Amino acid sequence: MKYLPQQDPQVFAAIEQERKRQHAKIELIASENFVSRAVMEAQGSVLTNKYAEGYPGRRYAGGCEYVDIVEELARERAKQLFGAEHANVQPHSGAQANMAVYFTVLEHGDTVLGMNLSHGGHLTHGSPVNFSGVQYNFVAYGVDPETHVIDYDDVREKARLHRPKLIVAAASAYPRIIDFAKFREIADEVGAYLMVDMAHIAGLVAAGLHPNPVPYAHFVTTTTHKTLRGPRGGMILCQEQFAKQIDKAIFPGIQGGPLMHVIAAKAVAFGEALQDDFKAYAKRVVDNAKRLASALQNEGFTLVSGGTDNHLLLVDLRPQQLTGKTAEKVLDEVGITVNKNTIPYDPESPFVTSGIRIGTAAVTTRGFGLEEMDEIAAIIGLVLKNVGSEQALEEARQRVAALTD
């Protein structure tokens, strides 16, 4: 940076602190990742100056000749990446991506079937304090109490009973592979649309390590900033029959002027995803997640679903008689960043929880491998089995520092 340190010393100092923090801490938040310097440079471009209401070629303003190219590059790379017939790269977030799809196919008060929020489902999949649960009539399907895998007979029973107009698949904290073929089969029986919110698994789908929902879903929403390793924003994928309706829902439906600088960075992120190195990266993410899961069990931890199939895992902390809140607090003290997360059939509230959510996407971008996964799990064991001991937390603090150079 050059102009910011002179202009705003207060803001620059906090950014530099955050920059050093991201390097020092072990970042295990499943939704977080580190973007390349090329992605950031695209977000810090002059493209923020341009109002580009509308779509490439069909704009409601002149001078969009070059930002059209940028958006088309973002749309075509995404179609090439996921095998979609249409893409919309304008959603400001995953929340707005979901919102636009809901705006497309649903009237106010329509019944929608999504995943239970305490079982892995996202806030935008029917939270009573979120727009989705207030605007639409959301019913929930769950996971098996023992295996923690989606009960597909329950998805079928809830669909046949409540008769939803839309079925939503995918989650924020589900460590297993989602059977999209069964979700479409259930949707076809009740005559409902199938939406898949692949936000978390997007990068794994792009690398071919998680089944692609695109051939099975009518709508596929995602964030660009999770396993896809792009800028903070959203995207909608659909077949050409909904293409016009999806575009109208974003603009002039729920949004206004798009973020052309962020869309530029999306294109860069999609470009990086198409390369062979990203496929090797995403496999290491999955390999690291399996290794970390196995190593935590070795330490004596119980895991939700008994392991993982993707990038994230959930630790059932009930055997250790610890809450997610307590675990989150004590690991923050030693330099490990997690988040408290409800486990399926949690006896605790969403603000206390009985579990922690851990992802490997961030540490794998850094260069962490199977060996580092063994050490991370060993530190977690030392911390959580000795919460009252400051000498163990000091030992953990030094071992965290050794991993991060």
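In this text, residue numbers run from 1 along the sequence as written.
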* To do: Ordered by C-alpha B-factor within the chain, which third holds residue 356? Give me lowest, middle or highest, please.
  => lowest
* **residue 75 CA temperature factor, ranked by third within the chain** => highest
* Structure fact -> Split the chain's modelled residues into thirds by Cα B-factor; residue 276 lands in the highest
* B-factor third for the C-alpha atom of residue 370 within its chain -> highest
* To do: Place residue 67 in the lowest, middle or highest third of its chain's C-alpha B-factors, as listed in the PDB entry.
  => highest
